[PDB]
Amino acid sequence: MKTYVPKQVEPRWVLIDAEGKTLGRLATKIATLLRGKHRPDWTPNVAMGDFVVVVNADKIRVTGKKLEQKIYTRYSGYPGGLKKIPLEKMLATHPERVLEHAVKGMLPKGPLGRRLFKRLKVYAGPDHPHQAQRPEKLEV
Amino acid sequence: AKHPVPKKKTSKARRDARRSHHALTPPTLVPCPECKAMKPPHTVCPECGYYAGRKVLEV
Amino acid sequence: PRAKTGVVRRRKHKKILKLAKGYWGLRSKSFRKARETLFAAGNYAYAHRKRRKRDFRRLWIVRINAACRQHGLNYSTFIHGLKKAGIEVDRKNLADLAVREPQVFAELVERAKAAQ
Amino acid sequence: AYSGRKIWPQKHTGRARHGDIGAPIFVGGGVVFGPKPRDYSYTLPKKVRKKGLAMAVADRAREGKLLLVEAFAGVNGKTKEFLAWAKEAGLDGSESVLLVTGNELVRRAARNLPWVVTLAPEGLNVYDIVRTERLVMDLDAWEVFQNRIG
Amino acid sequence: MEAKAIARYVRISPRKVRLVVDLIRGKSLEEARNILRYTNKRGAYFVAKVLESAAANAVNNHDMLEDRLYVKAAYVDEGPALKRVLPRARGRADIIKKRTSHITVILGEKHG
Amino acid sequence: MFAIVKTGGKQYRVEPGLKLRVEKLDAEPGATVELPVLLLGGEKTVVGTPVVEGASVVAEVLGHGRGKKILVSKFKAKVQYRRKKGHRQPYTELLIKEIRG
RNA sequence: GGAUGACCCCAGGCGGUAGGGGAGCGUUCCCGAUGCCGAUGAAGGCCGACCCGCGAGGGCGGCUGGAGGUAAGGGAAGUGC
RNA sequence: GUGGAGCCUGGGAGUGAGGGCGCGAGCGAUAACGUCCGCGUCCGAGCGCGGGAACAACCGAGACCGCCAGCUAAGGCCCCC
RNA sequence: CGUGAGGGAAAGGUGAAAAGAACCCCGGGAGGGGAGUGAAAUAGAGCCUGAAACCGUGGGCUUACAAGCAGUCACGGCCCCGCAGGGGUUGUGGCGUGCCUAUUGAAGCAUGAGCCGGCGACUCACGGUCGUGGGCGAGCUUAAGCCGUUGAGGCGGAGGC
């Protein structure tokens with residue numbers, strides 16, 4: 001009978017407070033919301049997931065010794081250009097990245113998966129500039 | 001020098017895309033105020049012999 | 001007598017070349033190149049035919065799973081429920097239900113928590 | 001007709017390897033296993049020949065297409081003369097005829113007909129029979145025929 | 001109506017003329033004549049001769065008006081190359097392809 | 001009102017007015033078959049378990065056809081194995097007439 | 001089952017290099033041919049989303065082409081890149 | 001025990017560079033993607049399909065074709081998936 | 001081409017008939033546009049058919065955050081043919097290590113191949129050995145020749161098995 005495939009719809013804006021939430025145990029979910037696997041009319045090639053505003057990213061909670069033991073990492077393309085920055089220091093300067101880098105590596109690779117990442121808005125909050133979109137609050 | 005040489009035939013696409021800057025630009029021209037003919041600015045108009053705005057050149 | 005190639009080869013070549021229309025550059029211009037893509041096109045169409053049957057099922061199961069967590073339980077439970085219920089509506093149609101006829105699916109969900 | 005000189009060195013030319021240009025691998029070259037004059041003749045067992053003539057005539061007779069004649073009315077060479085006679089005999093050229101006779105004159109009359117294949121009796125043979133729809137013979141030919149198959 | 005003139009077997013190389021033809025495609029016979037005039041390229045001379053010829057044809061055979069002629073379409077095609085020997089170092093002969101162009105120009109009339 | 005019916009090993013949701021392609025059934029064109037039902041939908045919502053005892057769906061057999069040709073070709077590298085097969089799938093075209101219960 | 005290749009039913013086998021075997025396709029040429037097709041268009045070419053064949057292929061149609069072509073059944077090879 | 005079992009006679013072969021893995025030894029150094037034998041296996045010829053990130057030979061499984069149907073194997077069921 | 005012995009090519013086709021395109025127009029010419037001839041002039045002499053590589057022009061779809069053996073699967077958008085369907089294209093998603101050869105093993109950074117077209121390799125003779133379709137069977141068969149034929153076959157027993 002051919003399978004459903006939806007015509008385009010209005011994307012639902014969602015609000016989430018991090019704060020005390022385990023990084024990535026949270027990120028996991030944001031990812032799902034991004035893809036829209038929570039919507040029963042989900043399509044793989046389409047990008048119909050929610051726009052996800054997270055607020056209070058600075059107050060993400062982490063297990064173990066990772067504050068000073070997880071190291072984020074960037075390579076320029078120069079000799080010795082491997083940059084190693086510890087979690088601590090990441091929170092210390094660009095906190096909204098920590099959750100940003102986590103959600104991304106949980107998104108598919110490819111054109112679309114970069115599209116969905118754009119739909120992630122992260123603010124070491126609270127307060128996000130998206131009063132315009134009226135994001136429905138979500139729990140976990 | 002050890003006689004360097006193309007490894008692969010350049011594809012038609014890759015070829016022509018070299019030539020995306022090969023296109024000519026038309027001669028820039030203005031009307032000569034006297035005789036009205038088109039000519040390159042800052043030249044003498046070879047049609048009437050005039051430049052600013054006198055006879056310069058017996059044509 | 002002599003049977004010169006004559007007409008035969010050109011024809012076997014066009015057959016292939018017509019089969020190769022669409023392909024990038026020489027793959028649609030050069031017979032040989034045509035043949036090599038077509039071989040690959042060959043297996044891919046076979047391999048992906050078999051694969052299409054399991055691409056849709058994974059999709060159905062995604063789509064169903066979502067609809068299932070709307071009513072407060074998971075795909076794996078739900079499916080167990082059906083089997084216990086004795087409901088064998090394939091998940092092609094399970095999917096459709098979940099997206100066209102919410103209510104019926106919601107019926108199916110209850111029979112499923114029921115039989116559990 | 002070409003020489004047999006090694007067109008160019010076995011090595012170091014960067015070209016492939018070749019001897020002379022008569023090599024069948026050259027467009028100049030000779031053909032590999034091409035026709036040579038042969039002889040397709042072979043000796044078919046006399047008996048088989050004998051049985052075929054036999055069986056060829058048999059089949060035809062089994063179809064009432066065989067017709068023996070005593071002689072040939074007024075055919076004295078002329079083609080229309082033969083026509084006449086053949087008409088009177090049920091031979092209108094709707095059917096094709098192997099006409100077998102040692103009579104020179106009758107053969108000459110029948111010869112130039114398209115629907116007639118003529119033949120002296122020592123010349124009888126299964127093919128010329130099978131080709132033709134209707135066999136028509138002399139008594140005098142019919143004899144030599146039976147003598148061939150004795 | 002269309003008038004066309006072709007120059008065949010012009011002993012210039014197609015990729016070189018095409019550069020000049022490419023300038024005047026779609027321009028007003030007036031514009032074209034001008035462009036070609038002060039176009040610094042051997043091809044101009046030739047494209048000119050083809051434009052001009054096609055201009056007459058229009059006016060002269062096909063009842064069209066000079067003040068209305070534009071270049072509806074044009075194109076250069078490759079004709080048979082003149083294969084020439086270029087002797088090189090250490091005994092080797094090279095083969096130069098002096099190339100050959102068929103230059104086409106097709107004039108149409110500008111309605112308004 | 002729709003039902004979910006089973007035929008040729010697959011299931012489909014059918015409705016009155018549907019032309020539907022199924023695996024070839026042994027059945028003359030113009031004849032008319034009854035498909036078993038595993039669920040009935042809209043207004044009356046009845047969940048066959050696995051089939052709903054009374055129900056059926058009546059369809060008319062418009063006729064039979066052979067689907068568009070599928071080129072099934074296998075190729076094996078470095079081995080000179082190449083097979084070419086032409087495959088047309090036979091089908092039966094159905095006009096769903098009514099639903100029962 | 002029928003009565004011997006006619007089809008139907010039922011069951012089982014059907015990855016595959018070297019390689020063995022079996023059934024076909026197409027090319028040139030001969031018999032068929034004093035024939036048949038052919039200018040109301042041969043061969044050949046370019047199309048096709050149509051028909052037949054598992055397939056190699058074969059039709060049918062349109063355009064080109066302008067003088068050849070060659071069946072059912074057989075025969076023989078300079079037979080398929 | 002009726003199996004692409006077997007035995008007999010004849011036509012045609014290819015093969016006679018193997019390889020990895022498990023196990024048993026010799027050599028080696030209780031080294032080597034080592035080497036040399038034995039039993040077995042798989043790749044060879046299953047570089048077809050699932051797992052193993054990738055990956056001939058480890059696990060799973062011997063692919064006639066089609067399906068937008070169902071049960072499973074190894075492996076898995078946080079997101080990529 | 002080679003001092004020479006010697007080596008040794010390529011290159012066939014308008015049409016039924018030259019009726020081989022007067023005259024005019026752009027042009028130094030070449031070429032072309034008209035006119036004219038012709039059943040046909042993309043049969044116009046660079047001439048029958050006019051394949052493919054290859055080069056252009058015009059039209060449709062497409063493409064400047066994208067990762068690739070170039071495809072395939074699915075869905076979607078735009079163009080087209082039509083009026084539950086087709087055709088073209090391809091945005092996104094899944095999947096995906098060219099062909100040949102040689103190899104224990106090749107996408108392989110091992111061989112061969114620029115692309116297209118045409119040429120290119122399991123034959124023939126005489127013996128042999130199985131199989132096989134036939135003929136005849138304690139028998140079977142002729143060879144060279146001769147006669148005949150002018151695509152007609154017959155005779156020939158020497159001989160062989």
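Filter region A:32-58 down to the residues that are part of a helix (DSSP H, G or I), out of contact with any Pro (no Cβ under 9 Å at 6 or more places or on another chain) and closer than 14 Å to residue A:122 by Cβ and list them by number.
Within region A:32-58, A:33, A:34 meet the criteria.
Search region D:43-74 for residues being in a loop (DSSP other than H, G, I, E, B) and near RNA strand I (Cβ under 8 Å from one of its atoms), and hand back the single one that is surrounded by the fewest Cβ atoms within 10 Å (Cβ to Cβ).
Top of the filtered list is D:43.
How many of the residues making up region C:53-88 are closer than 24 Å to residue F:51 by Cβ, among the hydrophobic types (A, V, I, L, M, F, W, C) and surrounded by fewer than 19 Cβ atoms within 10 Å (Cβ to Cβ)?
Looking only at that region, the number is 2.
Taking the conditions exactly as written (under 15 Å from the mean Cα position of the chain (by Cα), within 14 Å of chain B (Cβ to nearest Cβ) and either over 25 Å from residue B:23 (Cβ atoms) or of a type in the set (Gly, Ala, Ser) (or both)), does residue E:44 satisfy them or not?
Answer is yes for this residue.
Can you find even one residue in region D:103-119 that is among the small types (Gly, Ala, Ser) and within 16 Å of RNA strand G (Cβ to nearest atom)? Give the derivation first.
Our first condition is that a residue be among the small types (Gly, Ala, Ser); within region D:103-119, this holds for D:109-110.
Still in the list and also within 16 Å of RNA strand G (Cβ to nearest atom): D:109-110.
The answer is yes, given that some residue of region D:103-119 is among the small types (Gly, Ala, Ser) and within 16 Å of RNA strand G (Cβ to nearest atom).
Filter region D:17-40 down to residues that are within 8 Å of RNA strand I (Cβ to nearest atom) and of a type in the set (A, V, I, L, M) and give me whichever is farthest from residue C:3 (Cα to Cα).
Within region D:17-40, the match that is farthest from residue C:3 (Cα to Cα) is D:21.
Output the residues belonging to region D:75-115 that are farther than 14 Å from residue D:137 by Cβ, surrounded by 15 or more Cβ atoms within 10 Å (Cβ to Cβ) and of a type outside the set (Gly, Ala, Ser).
Listed by number, the residues that qualify are D:75, D:79, D:81, D:82, D:83, D:85, D:105, D:108, D:113, D:115.
So, of the residues in region D:5-42 that are small (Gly, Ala, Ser) and surrounded by 10 or more Cβ atoms within 10 Å (Cβ to Cβ), which turns out to be farthest from residue D:148 (Cα to Cα)?
Here the residue is D:19.
Say we look at region F:23-78 and pick out the residues that are among the small types (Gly, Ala, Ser) and within 12 Å of RNA strand H (Cβ to nearest atom); which of these is nearest to residue C:38 (Cα to Cα)? Let's see the steps before the verdict.
Here is the first cut: in region F:23-78, the residues among the small types (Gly, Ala, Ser) are F:27, F:30-31, F:41-42, F:48, F:54-56, F:59, F:63, F:65, F:67, F:73, F:77.
Keeping just the survivors that are within 12 Å of RNA strand H (Cβ to nearest atom) gives F:67, F:73, F:77.
Values: F:67: 22, F:73: 9, F:77: 13 Å.
Taking the candidates together, the pick is F:73.
Being within 12 Å of another protein chain (Cβ to nearest Cβ), within 16 Å of RNA strand H (Cβ to nearest atom), under 11 Å from the mean Cα position of the chain (by Cα) and free of Cβ contacts under 8 Å to residues at least 40 places away in the same chain, is that true of even one residue in region A:9-32?
Yes, the conditions are met somewhere in region A:9-32.
Which residues, taken from region C:68-90, are within 13 Å of chain A (Cβ to nearest Cβ), in a helix (DSSP H, G or I) and out of contact with any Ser or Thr (no Cβ under 9 Å at 6 or more places or on another chain)?
C:69, C:70, C:75, C:78
Would you check which residues across region D:129-145 are more than 10 Å from RNA strand G (Cβ to nearest atom) and either acidic (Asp, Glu) or not in a helix (DSSP H, G or I) (or both) and list them? Full working, then the answer.
Here is the first cut: in region D:129-145, the residues more than 10 Å from RNA strand G (Cβ to nearest atom) are D:129, D:134-145.
Matches in region D:129-145: D:134, D:135, D:136, D:137, D:138, D:140, D:143.
Please go through (1) away from chain A (no Cβ under 14 Å); (2) of a type in the set (A, V, I, L, M, F, W, C); (3) within 10 Å of RNA strand H (Cβ to nearest atom) for residue C:59 and return the number of the only condition it doesn't satisfy.
(1)
Give the residues of region C:89-111 that are surrounded by fewer than 20 Cβ atoms within 10 Å (Cβ to Cβ) and among the acidic types (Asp, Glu), sorted by residue number.
Selection gives C:90, C:101, C:107, C:110.
From E:104, E:39, grab the single residue that is in a strand (DSSP E or B) and surrounded by 13 or more Cβ atoms within 10 Å (Cβ to Cβ). Step through it out loud before you land on a result.
Numbers: E:39 fails: in a strand (DSSP E or B).
That would be E:104, the only listed residue that is in a strand (DSSP E or B) and surrounded by 13 or more Cβ atoms within 10 Å (Cβ to Cβ).
Which ones in region C:13-31 are in a helix (DSSP H, G or I) and either more than 11 Å from RNA strand G (Cβ to nearest atom) or surrounded by 11 or more Cβ atoms within 10 Å (Cβ to Cβ) (or both)? Spell out the reasoning first.
Applying the first criterion (in a helix (DSSP H, G or I)) to region C:13-31 yields C:13-19, C:25-28, C:31.
Listed by number, the residues that qualify are C:13, C:14, C:15, C:16, C:17, C:19, C:25, C:26, C:27, C:28, C:31.
Are any of the residues in region C:60-67 in a helix (DSSP H, G or I) and under 30 Å from residue F:76 (Cα atoms)?
no
Filter region F:3-18 down to the residues that are surrounded by fewer than 18 Cβ atoms within 10 Å (Cβ to Cβ) and either within 11 Å of chain C (Cβ to nearest Cβ) or more than 15 Å from residue C:104 (Cβ to Cβ) (or both) and list them by number.
Correct list: F:8, F:9, F:10, F:16, F:17, F:18.
To keep it simple, each residue is scored yes or no on (1) under 14 Å from residue E:34 (Cβ atoms); (2) away from every other protein chain (no Cβ under 12 Å).
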site	(1), (2)
B:10	no, no
B:25	no, no
B:31	yes, no
B:39	yes, no
B:42	no, yes
B:46	yes, no
B:50	no, yes
B:53	no, yes
B:58	no, yes
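Listed here are the residues, each with its yes/no results for (1) β-branched (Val, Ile, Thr); (2) within 12 Å of RNA strand I (Cβ to nearest atom).
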residue: F:21; (1), (2): no, yes
residue: F:30; (1), (2): no, no
residue: F:58; (1), (2): yes, no
residue: F:73; (1), (2): no, yes
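Identify all residues within region F:43-96 that are surrounded by 11 or more Cβ atoms within 10 Å (Cβ to Cβ) and of a type in the set (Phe, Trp, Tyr); write none if there are none.
F:75, F:91, listed by residue number.
Do you know which residues across region A:1-58 are buried (at least 16 other Cβ atoms within 10 Å of the Cβ) and among the basic types (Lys, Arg)?
A:12, A:21, A:29, A:35, A:37, A:39
Kindly evaluate residue C:6 against the criterion of being surrounded by fewer than 10 Cβ atoms within 10 Å (Cβ to Cβ), away from chain F (no Cβ under 14 Å) and touching a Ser or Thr at 6+ places or on another chain (Cβ under 9 Å). Spell out the reasoning first.
Numbers: surrounded by fewer than 10 Cβ atoms within 10 Å (Cβ to Cβ): yes; away from chain F (no Cβ under 14 Å): yes; touching a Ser or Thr at 6+ places or on another chain (Cβ under 9 Å): no.
So residue C:6 fails the test.
Please note: Cβ atoms are built from the backbone with ideal geometry, for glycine as well, and neighbour counts cover all protein chains shown. Bear in mind that the values in this text are calculations on the coordinates, not laboratory data.
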